[PDB]
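Undergrad: The structure under discussion is supplied below as structure tokens; questions concerning it will follow.
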Amino acid sequence: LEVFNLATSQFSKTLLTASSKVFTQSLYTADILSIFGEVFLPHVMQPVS
Amino acid sequence: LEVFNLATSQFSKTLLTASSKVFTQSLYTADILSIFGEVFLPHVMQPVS
Amino acid sequence: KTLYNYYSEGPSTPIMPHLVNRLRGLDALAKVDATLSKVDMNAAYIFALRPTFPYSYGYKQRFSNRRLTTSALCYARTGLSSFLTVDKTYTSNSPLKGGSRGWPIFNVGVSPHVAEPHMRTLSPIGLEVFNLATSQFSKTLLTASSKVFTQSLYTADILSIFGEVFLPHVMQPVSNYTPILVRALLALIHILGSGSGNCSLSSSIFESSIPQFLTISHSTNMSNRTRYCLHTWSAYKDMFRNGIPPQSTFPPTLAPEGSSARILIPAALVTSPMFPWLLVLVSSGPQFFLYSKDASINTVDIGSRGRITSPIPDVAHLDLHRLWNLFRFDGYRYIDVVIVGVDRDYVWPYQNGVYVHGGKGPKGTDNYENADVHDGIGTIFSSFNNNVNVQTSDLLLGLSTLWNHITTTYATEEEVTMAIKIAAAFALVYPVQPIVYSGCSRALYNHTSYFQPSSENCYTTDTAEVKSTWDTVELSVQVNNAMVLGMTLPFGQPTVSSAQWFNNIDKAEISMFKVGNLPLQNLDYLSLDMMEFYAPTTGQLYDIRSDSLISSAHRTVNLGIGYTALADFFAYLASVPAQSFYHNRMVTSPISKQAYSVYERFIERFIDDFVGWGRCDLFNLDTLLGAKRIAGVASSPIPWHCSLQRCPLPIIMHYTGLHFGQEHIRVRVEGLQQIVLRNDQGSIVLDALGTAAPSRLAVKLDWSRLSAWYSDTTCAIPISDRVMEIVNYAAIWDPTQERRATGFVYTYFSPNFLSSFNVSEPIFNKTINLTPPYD
Amino acid sequence: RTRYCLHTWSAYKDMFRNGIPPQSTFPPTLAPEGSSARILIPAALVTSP
Amino acid sequence: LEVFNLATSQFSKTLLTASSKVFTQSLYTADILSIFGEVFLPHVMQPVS
Amino acid sequence: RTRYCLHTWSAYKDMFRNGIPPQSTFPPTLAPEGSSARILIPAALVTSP
Amino acid sequence: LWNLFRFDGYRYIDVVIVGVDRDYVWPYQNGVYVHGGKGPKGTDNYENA
């Protein structure tokens with residue numbers, strides 16, 4: 001949802017709502033957000049499977 | 001229909017996501033609509049035969 | 001409305017409200033009449049930049065008995081699509097077949113007027129910068145900035161940049177992108193080539209299609225170059241610490257100034273292919289010259305009967321200039337490129353040997369301490385280097401990306417429309433107008449000052465088929481100079497500047513008089529949009545559904561031909577003679593200045609009513625009145641009776657609604673006059689019947705009288721003998737002339753040029769049948 | 001006769017800049033010989049008579 | 001009119017933005033109204049001819 | 001006679017402190033010779049007769 | 001009658017051209033070099049006023 005917000009809105013921040021750095025090497029850091037916004041943008045726009 | 005919905009969607013076009021690649025890489029980039037939606041974009045905007 | 005509606009209206013009462021409602025409708029038609037995104041790219045370019053204008057011809061005869069005529073279709077086109085000169089390396093002084101010794105330079109200056117900005121909306125980062133500007137610090141004011149993303153545009157440093165060098169725009173967020181859009185449209189049109197496919201003064205030499213490959217040539221003596229200085233943000237900000245140095249670009253810009261400007265470009269966007277095309281289109285131009293890679297495979301020669309000769313005889317020593325070379329734009333003379341978000345080891349990705357101030361230095365060092373100035377866009381951007389060969393698609397990729405991004409993100413539809421309307425004034429280049437002369441009958445030999453038939457500026461080069469008897473021009477040096485000096489833009493303005501690259505010497509003579517002016521692009525808007533300081537105008541990714549590059553260029557060329565046609569119509573209504581636009585327009589007759597005075601009123605009224613831009617930037621009399629009659633070249637003995645008319649009649653009819661159908665030809669009670677002349681020995685010498693030509697007021701009150709006037713004074717032009725049917729039956733009787741009798745003038749096009757009208761598309765290689773249908 | 005070239009999809013898209021072959025290929029009717037037309041056929045349909 | 005609106009606007013005059021330059025650099029600074037609005041400031045406050 | 005000096009805008013503003021030439025130049029009517037008046041003309045208008 | 005009248009006006013006037021390069025050339029009388037324009041020797045950015 002926050003990746004979608006980054007895709008559809010100009011950056012603020014208030015948009016960083018779910019990501020955290022508490023857990024090391026998890027799937028919830030900012031790097032994973034970058035991965036999602038880079039190589040999975042259409043699925044972010046239209047989530048299907 | 002998925003490709004049409006993607007191409008007619010509203011983006012923020014910031015450097016965080018891949019929606020900016022249409023500007024930073026080239027007009028003809030596959031990073032949002034896949035190579036197929038990009039190759040067939042004009043034909044799915046106006047489907048005729 | 002539709003094209004069917006407009007073809008059945010005709011001119012009406014006041015003709016200025018007419019011809020502008022028609023133009024707006026025709027422009028609206030061109031927006032939707034063809035989806036060019038579903039065809040091949042070359043086909044799209046052909047269909048956009050070279051429109052066809054179909055029409056049906058035909059003539060009647062007095063006594064027809066089993067006469068067989070073909071009612072076919074023809075497709076009229078106007079304008080030069082490129083220019084053919086002698087090779088830069090060519091030492092002989094012999095005249096080449098179809099190759100001009102030089103070429104015109106349409107030098108455009110800088111408009112003092114400012115493109116009016118319109119309101120924008122702040123981004124959240126910009127909103128917080130605004131809060132910092134208008135409120136005492138708290139904090140609670142830091143609402144959008146973050147340090148999660150490294151080297152992004154959302155840290156506190158970018159806030160400092162905005163509050164330092166863009167404060168007025170923070171206070172009043174506005175932008176206008178019309179001038180860069182104008183330059184982009186012109187770049188596309190001049191690189192590809194708009195018009196009819198004619199590519200020479202010879203009127204019979206055509207280029208088959210868009211070139212596939214281009215060649216870049218540099219010329220120090222002939223280019224119009226901009227100086228560039230590359231800095232990182234830290235190095236650029238550090239040179240203003242100890243006072244203000246000379247030529248400071250630091251202060252913000254509301255009204256752009258031609259000398260010196262700064263652009264702040266994020267590091268992510270420097271590698272975009274649009275970036276060099278961004279540096280071009282705001283700089284001076286041309287900084288390099290563009291040629292078709294080889295002129296043999298594209299150029300053809302067309303016969304009088306439509307015989308295509310593919311390899312023109314002397315193509316080995318000819319250069320095929322693009323229209324890009326015939327134009328000269330004044331932009332910014334000095335640009336400070338400031339890359340934002342880079343370290344002290346930053347490397348210029350383009351041309352080697354180029355070091356960014358504050359970046360990687362020559363040997364191996366960081367924080368380069370020199371701010372080197374590079375003269376010309378070619379000294380950086382190796383893709384613009386001398387003798388570079390490039391596919392046109394690769395060249396245009398950056399332009400298309402730039403246009404798409406700007407028109408979907410930064411600019412509004414109004415800005416794009418204004419850019420189209422302005423660019424249409426410089427979209428096309430036309431050769432000097434050729435005219436013929438019927439002459440006078442033998443019976444009137446003693447009552448005329450112009451007895452013999454004649455012609456002017458009628459040049460052809462094909463030798464395969466029969467040459468037209470009216471095409472008597474031979475291309476000497478002085479005649480070539482005169483013909484180049486007679487070339488015009490859509491609104492009629494010529495040039496008095498020209499260039500020549502002969503032997504091994506390149507030389508340009510640039511007059512202080514300019515054919516027009518263009519506004520500068522405020523680069524602060526560009527910087528702030530590229531740093532996401534504004535909210536985007538739209539969230540769409542593609543302009544295919546709205547205001548694409550090729551659709552915009554098609555609209556621009558459509559409006560440019562419309563400007564040419566309406567200008568010809570105005571010159572007719574203002575009785576502006578064709579000879580007032582020749583190389584010797586100043587030394588021939590005092591009619592020229594009066595005609596300019598009358599014509600400029602029509603032009604300015606139209607420009608204010610339709611374009612809305614300040615007239616003087618699009619048309620003025622500076623180049624007309626600064627004529628340059630060169631050495632000799634005597635004008636042919638033709639009376640000044642035909643108007644300006646750069647377009648064929650069917651195109652003028654399309655844009656004006658003028659109807660010249662066969663129903664206006666009389667075939668069958670007394671409105672004629674018996675005209676009598678006597679000599680000293682009381683002897684009647686004329687005793688002839690005559691009819692009065694209509695006054696322009698009568699035409700104003702009844703536009704069908706102009707149609708009748710066409711059908712009473714027009715004859716089909718013969719090809720092999722200089723005797724028309726008309727001169728055996730009719731003549732012009734002007735009582736206020738010392739000698740009352742003259743013939744007819746008839747702006748001339750050429751059978752070779754008219755053969756190209758026989759196919760729906762400007763493609764002629766070998767399988768095209770240009771022969772007249774059914775003989 | 002007509003001239004034919006056979007490509008795999010991977011090889012065909014790898015002969016264009018950044019991949020991504022052109023979107024439209026229909027030529028002007030007056031010049032069908034000017035360019036090269038293309039046909040995209042899935043491997044399943046190739047074996048069909 | 002833009003220059004007039006700028007010069008009649010309300011600022012906080014803190015050291016973070018350029019509105020403080022009228023105090024830290026000189027009374028006649030171009031950093032807010034450009035060199036042109038600064039040169040023509042008295043004449044746009046009272047436009048007459 | 002009158003004495004004339006010709007400057008470009010860049011050169012003219014670079015002969016004053018921190019750039020920024022003076023805002024007003026109209027002299028007292030009793031002393032028109034005391035100072036130097038200036039005229040700012042765009043490059044487009046210079047070529048006008 | 002032009003010769004019979006004598007007018008008093010400005011004695012020193014600065015003419016500032018706005019929007020020209022450092023190689024600007026005075027289109028009127030030859031041998032006249034604009035401050036910051038083309039110099040006598042063919043050099044740009046003429047230093048003398």
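In the structure tokens, chains take letters A, B, ... by order of appearance, with residues numbered from 1 within each chain and ligands from 1 in the order shown.
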With chain A held fixed, move chain E onto it by a least-squares fit of all C-alpha atoms in order and give the output as a PDB file with C-alpha atoms, in the first residue's frame.

TA:
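What landed in result.pdb:
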```pdb
ATOM      1  CA  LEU E   1      -4.470  -0.391  -6.774  1.00  0.00           C
ATOM      2  CA  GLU E   2      -3.804   0.132  -3.059  1.00  0.00           C
ATOM      3  CA  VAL E   3      -0.207  -1.018  -3.506  1.00  0.00           C
ATOM      4  CA  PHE E   4       0.252   1.246  -6.537  1.00  0.00           C
ATOM      5  CA  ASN E   5      -1.148   4.237  -4.640  1.00  0.00           C
ATOM      6  CA  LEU E   6       1.175   3.505  -1.714  1.00  0.00           C
ATOM      7  CA  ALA E   7       4.272   3.187  -3.892  1.00  0.00           C
ATOM      8  CA  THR E   8       3.426   6.406  -5.764  1.00  0.00           C
ATOM      9  CA  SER E   9       2.730   8.373  -2.558  1.00  0.00           C
ATOM     10  CA  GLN E  10       4.719  11.260  -1.091  1.00  0.00           C
ATOM     11  CA  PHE E  11       6.664  10.528   2.096  1.00  0.00           C
ATOM     12  CA  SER E  12       9.013  12.581   4.237  1.00  0.00           C
ATOM     13  CA  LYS E  13      11.423   9.644   4.718  1.00  0.00           C
ATOM     14  CA  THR E  14      12.295  10.614   8.290  1.00  0.00           C
ATOM     15  CA  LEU E  15      13.528   8.180  10.929  1.00  0.00           C
ATOM     16  CA  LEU E  16      10.298   8.474  12.940  1.00  0.00           C
ATOM     17  CA  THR E  17       8.172   6.383  10.552  1.00  0.00           C
ATOM     18  CA  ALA E  18       8.707   3.244   8.481  1.00  0.00           C
ATOM     19  CA  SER E  19       9.168   5.161   5.214  1.00  0.00           C
ATOM     20  CA  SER E  20      12.859   5.426   6.142  1.00  0.00           C
ATOM     21  CA  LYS E  21      13.256   1.629   6.202  1.00  0.00           C
ATOM     22  CA  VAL E  22      13.749   1.619   2.417  1.00  0.00           C
ATOM     23  CA  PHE E  23      17.073   3.296   3.263  1.00  0.00           C
ATOM     24  CA  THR E  24      17.979   1.980   6.733  1.00  0.00           C
ATOM     25  CA  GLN E  25      17.131  -1.698   6.114  1.00  0.00           C
ATOM     26  CA  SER E  26      17.172  -2.469   2.368  1.00  0.00           C
ATOM     27  CA  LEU E  27      15.738  -1.445  -0.984  1.00  0.00           C
ATOM     28  CA  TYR E  28      13.593  -4.608  -0.887  1.00  0.00           C
ATOM     29  CA  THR E  29      11.705  -4.154   2.378  1.00  0.00           C
ATOM     30  CA  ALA E  30       8.104  -5.167   3.027  1.00  0.00           C
ATOM     31  CA  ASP E  31       7.467  -2.702   5.849  1.00  0.00           C
ATOM     32  CA  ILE E  32       5.456  -0.276   3.666  1.00  0.00           C
ATOM     33  CA  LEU E  33       3.803  -2.380   0.923  1.00  0.00           C
ATOM     34  CA  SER E  34       3.611  -5.750   2.711  1.00  0.00           C
ATOM     35  CA  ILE E  35       5.496  -8.762   1.366  1.00  0.00           C
ATOM     36  CA  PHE E  36       2.958  -8.955  -1.449  1.00  0.00           C
ATOM     37  CA  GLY E  37       3.086  -5.373  -2.725  1.00  0.00           C
ATOM     38  CA  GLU E  38       6.866  -5.549  -2.452  1.00  0.00           C
ATOM     39  CA  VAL E  39       7.081  -8.811  -4.412  1.00  0.00           C
ATOM     40  CA  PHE E  40       4.621  -7.538  -7.050  1.00  0.00           C
ATOM     41  CA  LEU E  41       5.729  -3.882  -7.125  1.00  0.00           C
ATOM     42  CA  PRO E  42       7.252  -3.872 -10.664  1.00  0.00           C
ATOM     43  CA  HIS E  43       4.194  -5.653 -12.065  1.00  0.00           C
ATOM     44  CA  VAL E  44       1.693  -3.246 -10.501  1.00  0.00           C
ATOM     45  CA  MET E  45       3.678  -0.244 -11.717  1.00  0.00           C
ATOM     46  CA  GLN E  46       3.107  -1.613 -15.254  1.00  0.00           C
ATOM     47  CA  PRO E  47       0.248  -4.158 -15.313  1.00  0.00           C
ATOM     48  CA  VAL E  48       0.383  -6.350 -18.432  1.00  0.00           C
ATOM     49  CA  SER E  49      -0.176 -10.000 -19.315  1.00  0.00           C
TER      50      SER E  49
END
```

Undergrad: At a cut-off of 12 Å, using only C-alpha atoms, what residues contact residue F:12? Leave out same-chain residues fewer than 2 positions from it and give the result as number ranges by chain.

TA: C: 246-247; F: 5-10, 14-17, 19-22, 38-40; G: 14-19, 34-37, 45-49

Undergrad: Could the residues of chain C within 7 Å of chain G, counting only C-alpha atoms, be given as number ranges by chain, please?

TA: C: 257-259, 333, 512

Undergrad: Up to 10 Å from chain F, what residues of chain C turn up? Count only C-alpha atoms and give them as number ranges by chain.

TA: C: 109-113, 243-248, 257-260, 512-514, 516-517, 617, 622

Undergrad: Expressed in Å to a single decimal, how great is the separation between atom CA of residue C:414 and atom CA of residue C:536?

TA: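 That distance, rounded to one decimal, is 15.6 Å.
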
Undergrad: Which neighbours of residue D:35 fall inside 12 Å, counting only C-alpha atoms, when residues of the same chain fewer than 3 positions from it are skipped, and could you give them as a list in words?

TA: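 My reading of the contact set: residues 40, 41, 42, 43 and 212 of chain C; 3, 24, 25, 26, 27, 28, 29, 30, 31, 32 and 38 of chain D.
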
Undergrad: For the selection you just gave me, I'd like the residues written to a file as a tab-separated table (two decimals), in the first residue's frame, keeping C-alpha atoms.

TA:
```tsv
chain	number	residue	atom	x	y	z
C	40	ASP	CA	4.78	2.93	-39.35
C	41	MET	CA	6.98	5.76	-38.09
C	42	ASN	CA	8.18	6.81	-41.55
C	43	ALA	CA	4.61	6.71	-42.87
C	212	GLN	CA	17.27	7.28	-42.67
D	3	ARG	CA	11.87	-12.24	-48.79
D	24	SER	CA	3.63	-0.22	-35.60
D	25	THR	CA	4.79	-1.76	-38.86
D	26	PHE	CA	2.02	-1.15	-41.40
D	27	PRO	CA	3.64	0.67	-44.35
D	28	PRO	CA	2.08	3.26	-46.65
D	29	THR	CA	0.10	1.43	-49.32
D	30	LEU	CA	2.04	3.15	-52.11
D	31	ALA	CA	5.33	1.77	-50.69
D	32	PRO	CA	4.84	-1.77	-49.36
D	38	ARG	CA	6.71	-8.50	-39.16
```

Undergrad: With DSSP run on the backbone, what are the strand (DSSP E or B) residues within chain G? I'd like them as a ChimeraX atom specification.

TA: /G:12-18,35

Undergrad: Determine which residues of stretch 397-574 of chain C receive a DSSP assignment of helix (DSSP H, G or I), computed from the backbone, and state them as a ChimeraX atom specification.

TA: /C:397-410,413-426,442-447,477-485,523-530,549-573

Undergrad: To one decimal place, how far is atom CA of residue C:478 from atom CA of residue C:647 in Å?

TA: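 Rounded to one decimal, the two atoms are 25.9 Å apart.
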
Undergrad: What gap, in Å, lies between atom CA of residue C:2 and atom CA of residue C:663?

TA: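 Value for the atom CA of residue C:2-atom CA of residue C:663 distance: 23.7 Å.
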